[PDB]
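One structure is given here, and the rest of the page talks about it.
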Amino acid sequence: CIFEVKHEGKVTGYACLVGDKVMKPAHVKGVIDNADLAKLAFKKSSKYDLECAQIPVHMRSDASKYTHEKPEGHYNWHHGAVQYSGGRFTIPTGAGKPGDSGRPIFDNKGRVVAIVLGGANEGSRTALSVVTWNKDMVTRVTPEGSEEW
Ligand SMILES: [Hg+2]
């Protein structure tokens, strides 16, 4: 489900197969390091800093489901455990760096809950700037002073 965006042979961010679309942050330079995915036609959306396309039938079995359901508590992500509360995802400052955009924040059942775009450093912890699903529609939460990863 996770695929890496490469630029001049260097990993810039990530791309993710969520729902029936193929996502990757718009700000990420490079092209998805996967033939099938790279040749697709993406629809940019500067409001959401998102850039989606549709998953080829032969990879649709490889998508990851999403969900609007996110109760205060701890979520899972590649570098550890994210914490959700007050309508804000955070992590121990230092555990997320530039080049982590595109990485999904899963819950304990595997449902992708948000997609990291960058983070604002507010001391001990960094409030993440993510793309998250609302009632049905996509949304983007960007804490004051975010540094786009
Ligand atoms: Hg994914």
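Numbering, chain A: per Swiss-Prot, residues 119-267 in sequence.
The way this entry was determined, per its header, is X-ray crystallography, 3.0 Å.
A Cβ is built for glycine as well, from the same backbone N, Cα and C atoms used for every other residue.
Within the listed segments 189-199, 200-210, 233-243, Swiss-Prot records region 'Dimerization of the capsid protein' for the stretch 189-199. Your range for region 'Interaction with spike glycoprotein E2', going by Swiss-Prot and the list 161-166, 179-184, 257-262, is 161-166. Ranges compared are 215-219, 225-229, and Swiss-Prot records region 'Dimerization of the capsid protein' for 225-229.
When the recorded positions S219, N226 are scored by other C-beta atoms within 10 Å, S219 scores highest. DSSP assigns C134 (disulfide bond) to a strand in the three-state reduction.
Taking the C-alpha positions, the distance from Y193 (site 'Involved in dimerization of the capsid protein') to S219 (active site, charge relay system) comes to 17 Å.
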